[PDB]
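The block underneath contains the structure these notes are about, expressed in C-alpha cells.
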Amino acid sequence: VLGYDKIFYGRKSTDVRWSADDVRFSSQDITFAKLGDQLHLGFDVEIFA
Amino acid sequence: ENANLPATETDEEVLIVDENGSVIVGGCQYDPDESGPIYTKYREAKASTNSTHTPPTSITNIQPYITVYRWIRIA
Amino acid sequence: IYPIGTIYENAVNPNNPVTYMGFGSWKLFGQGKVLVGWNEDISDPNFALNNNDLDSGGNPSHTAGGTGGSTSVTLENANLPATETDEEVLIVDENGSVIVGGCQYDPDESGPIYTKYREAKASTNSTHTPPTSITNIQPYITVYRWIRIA
Amino acid sequence: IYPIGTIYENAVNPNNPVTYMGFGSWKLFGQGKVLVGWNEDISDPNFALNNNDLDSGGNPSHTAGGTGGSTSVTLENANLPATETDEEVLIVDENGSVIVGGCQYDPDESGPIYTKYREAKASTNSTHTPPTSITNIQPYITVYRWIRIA
C-alpha cells in the first residue's frame with residue numbers, strides 16, 4: 001500500500017479473518033522491525049516491502 | 001538488592017511503548033468540548049514496584065543452633 | 001579433665017557416650033541443633049538471652065542454651081529489592097502527554113474495539129505469596145552429639 | 001577418653017593428632033561442613049538424615065556424617081512474594097472502561113500520536129534474570145580441625 005504516513009505493505013490478510021485475526025497481526029508487526037528474515041515464517045500471507 | 005531478582009513479567013498484559021506498536025493513542029483526542037472525559041494514562045516511564053521498599057528487611061540465615069561458649073584453653 | 005558442659009559429644013557410635021568414655025554417664029544433646037557461639041559479648045546478636053534464656057525482665061547472662069533462625073525462608077512485600085520493569089510503560093496521572101479521550105467517534109462499533117482495562121496496580125507473580133524458600137543451611141555434616149552428663 | 005572415630009579438633013598447629021595431640025593420628029572430618037546433632041528423629045531437613053548415608057529404600061539411619069547446606073542460594077521467580085505496581089497504570093482487559101479506540105478520526109497528519117506497544121506480559125528485570133544470589137550462612141568459626149582416626 002501507499003500512504004501519507006508511510007510507503008508500506010500491511011498484513012494483507014488471508015483465509016478467514018476472525019477474533020484471532022487481530023492477535024495474528026501483532027506477530028507481523030514486530031516482524032516489520034525484525035529484519036532477521038526468519039521470524040514466524042508466516043503462512044498467513046504478508047509483505048514487508 | 002535490586003540486582004538480585006529473577007526477571008519478572010506482569011501476570012497479565014499491558015501497553016509497552018514501542019514505535020512499531022499496534023494500538024494507537026490517535027494523533028490527538030477529538031475533544032470538542034471539555035465534557036468529553038479527559039485523562040492521561042500518563043507518559044511511559046519505569047514501572048514502580050515497592051518504592052515502599054528502600055533497602056528491605058532481611059530474612060535470617062543461621063539455623064536453630066546451640067549458642068554456647070566454645071572454651072579454648074588459652075595455652 | 002572433662003567437666004559437664006565442655007564440648008560434649010561422640011562422633012559416630014549409635015549408643016550412648018558412657019560405653020566408651022568410661023567415666024560416668026553422658027546424655028545425648030544437639031537434636032536438630034548446631035554448635036554456635038554465645039559469647040561473653042553481651043550485645044552480640046545470638047549471645048545475650050538465648051531463647052529459653054531470660055530473666056523475667058528478659059536478661060539472661062551473656063550465655064548459652066542458644067537458638068535462632070532456620071534454613072529455608074522467603075519474602076514479604078517489604079522483603080523485596082527496588083523493582084522497576086524495563087520497557088517504558090504508561091500509567092495514570094493528571095499531568096500526562098498521552099490524551100486518553102473520554103468519548104469520540106466510535107460511530108462504527110465495527111472498528112476493532114480494543115479497550116485495555118483500568119489504570120491499576122500490576123500484579124507480579126500474584127499466583128503465590130509463598131515463594132521458594134532458600135535454604136540457609138550451610139554445608140553441614142550432621143555429627144553425633146551425646147553430651148557428657150558429667 | 002576419645003572413642004572410636006573421634007569427634008575431635010585443634011585450633012592451631014600444622015599437623016595431625018600424632019605430632020600435636022600425640023595419641024593417634026588425625027584428619028579433618030566435615031571439611032567445609034558445619035557440625036549438627038543427628039537426632040534419633042530423622043525429620044528436620046538439614047538436621048535429619050544423611051546426605052551420604054541412606055537406605056537402598058532411601059532411609060538414612062539416624063546417624064552422623066550426613067550432609068546439609070551449601071554456599072550460595074539464588075533467587076528465582078519461584079522465590080518472590082505477590083506484589084502490586086506502585087501507581088495506577090493501565091493493564092489490558094476486556095471489561096475495560098477506557099477504550100483505546102478502534103481507529104483514528106484523525107484528519108490531519110503530524111499532530112502527535114503514539115504507538116502504545118502490543119499489550120503483553122510486562123517485563124521486570126529481564127536485563128538481569130539470573131541475578132544476585134545472597135550467602136545463606138553465619139560468620140565462621142572455622143579452623144583446621146584434625147579429627148584423630150582412632
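If you're wondering about the labels, chains in the C-alpha cells are A, B, ... by order shown, residues count from 1 in each chain, ligands from 1 in order shown.
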Expected answer as a PyMOL selection string: chain B residues within 6 Å of chain C, only C-alpha atoms: chain B and resi 1-2+10-11+16+29+36-49+53+56-57+60-69
Return as CSV the residues of chain B lying at most 10 Å from chain A, together with the closest atom-to-atom pair for each and the distance in Å to one decimal, counting only C-alpha atoms, with rows in chain order and ascending residue number.
residue,atom,partner,partner_atom,distance
B:18,CA,A:30,CA,9.6
B:19,CA,A:33,CA,9.5
B:20,CA,A:29,CA,6.5
B:21,CA,A:29,CA,7.4
B:22,CA,A:26,CA,6.7
B:23,CA,A:26,CA,9.7
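The space separating atom CA of residue D:61 from atom CA of residue C:11 comes to 14.6 Å.
Taking atom CA of residue D:149 and atom CA of residue D:26 as the two end points, the separation is 4.9 Å.
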Two-atom distance - atom CA of residue D:4, atom CA of residue D:150 (Å): 5.6 Å
Contacts of residue A:4 at 12 Å or less, counting only C-alpha atoms, minus same-chain residues fewer than 2 places along, as a short mmCIF file (atom, residue, chain, number, x, y, z; two decimals) with C-alpha atoms, in the first residue's frame?
data_model
loop_
_atom_site.label_atom_id
_atom_site.label_comp_id
_atom_site.auth_asym_id
_atom_site.auth_seq_id
_atom_site.Cartn_x
_atom_site.Cartn_y
_atom_site.Cartn_z
CA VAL A 1 0.00 0.00 0.00
CA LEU A 2 0.93 3.65 -0.27
CA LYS A 6 4.38 5.56 5.13
CA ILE A 7 5.01 3.58 1.98
CA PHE A 8 4.21 0.20 3.43
CA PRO D 107 -7.98 14.06 9.53
CA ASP D 108 -4.56 15.63 9.92
CA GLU D 109 -1.10 14.08 9.58
CA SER D 110 1.51 15.35 12.11
#
Proximal residues of chain C relative to chain A (only C-alpha atoms; 12 Å) as a VMD selection string: chain C and resid 111 to 114
Spatial neighbours of residue A:41, max dist 10 Å, only C-alpha atoms, sep filter under 4 positions, as an MDAnalysis selection string: chainID A and resid 28 31 37 45:46
Helix (DSSP H, G or I) call set, DSSP backbone run, chain A, as number ranges by chain: A: 19-32
Put those residues in a file: N, CA and C atoms, as a PDB file, in the first residue's frame.
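Result written to again_16.pdb:
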ATOM      1  N   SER A  19     -11.758 -13.252  15.320  1.00  0.00           N
ATOM      2  CA  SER A  19     -11.250 -12.596  16.519  1.00  0.00           C
ATOM      3  C   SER A  19      -9.752 -12.810  16.672  1.00  0.00           C
ATOM      4  N   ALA A  20      -9.250 -13.959  16.223  1.00  0.00           N
ATOM      5  CA  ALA A  20      -7.827 -14.256  16.256  1.00  0.00           C
ATOM      6  C   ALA A  20      -7.062 -13.648  15.088  1.00  0.00           C
ATOM      7  N   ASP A  21      -7.737 -12.961  14.163  1.00  0.00           N
ATOM      8  CA  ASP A  21      -7.003 -12.237  13.133  1.00  0.00           C
ATOM      9  C   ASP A  21      -6.217 -11.079  13.730  1.00  0.00           C
ATOM     10  N   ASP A  22      -6.748 -10.455  14.784  1.00  0.00           N
ATOM     11  CA  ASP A  22      -6.010  -9.416  15.494  1.00  0.00           C
ATOM     12  C   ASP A  22      -4.684  -9.952  16.017  1.00  0.00           C
ATOM     13  N   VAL A  23      -4.745 -10.923  16.932  1.00  0.00           N
ATOM     14  CA  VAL A  23      -3.526 -11.488  17.505  1.00  0.00           C
ATOM     15  C   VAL A  23      -2.644 -12.086  16.417  1.00  0.00           C
ATOM     16  N   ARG A  24      -3.237 -12.471  15.284  1.00  0.00           N
ATOM     17  CA  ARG A  24      -2.431 -12.915  14.155  1.00  0.00           C
ATOM     18  C   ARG A  24      -1.621 -11.770  13.562  1.00  0.00           C
ATOM     19  N   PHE A  25      -2.133 -10.541  13.640  1.00  0.00           N
ATOM     20  CA  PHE A  25      -1.417  -9.405  13.067  1.00  0.00           C
ATOM     21  C   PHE A  25      -0.241  -8.962  13.927  1.00  0.00           C
ATOM     22  N   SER A  26      -0.412  -8.954  15.251  1.00  0.00           N
ATOM     23  CA  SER A  26       0.622  -8.427  16.137  1.00  0.00           C
ATOM     24  C   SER A  26       1.978  -9.065  15.875  1.00  0.00           C
ATOM     25  N   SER A  27       1.996 -10.342  15.493  1.00  0.00           N
ATOM     26  CA  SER A  27       3.258 -11.008  15.189  1.00  0.00           C
ATOM     27  C   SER A  27       3.956 -10.346  14.007  1.00  0.00           C
ATOM     28  N   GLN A  28       3.209 -10.078  12.935  1.00  0.00           N
ATOM     29  CA  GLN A  28       3.808  -9.471  11.752  1.00  0.00           C
ATOM     30  C   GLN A  28       4.233  -8.032  12.013  1.00  0.00           C
ATOM     31  N   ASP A  29       3.606  -7.367  12.984  1.00  0.00           N
ATOM     32  CA  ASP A  29       4.022  -6.015  13.343  1.00  0.00           C
ATOM     33  C   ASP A  29       5.481  -5.991  13.780  1.00  0.00           C
ATOM     34  N   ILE A  30       5.844  -6.844  14.741  1.00  0.00           N
ATOM     35  CA  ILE A  30       7.241  -6.938  15.157  1.00  0.00           C
ATOM     36  C   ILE A  30       8.108  -7.418  14.001  1.00  0.00           C
ATOM     37  N   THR A  31       7.572  -8.316  13.171  1.00  0.00           N
ATOM     38  CA  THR A  31       8.334  -8.826  12.035  1.00  0.00           C
ATOM     39  C   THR A  31       8.736  -7.704  11.086  1.00  0.00           C
ATOM     40  N   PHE A  32       7.932  -6.640  11.010  1.00  0.00           N
ATOM     41  CA  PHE A  32       8.315  -5.488  10.202  1.00  0.00           C
ATOM     42  C   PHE A  32       9.636  -4.902  10.678  1.00  0.00           C
TER      43      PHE A  32
END
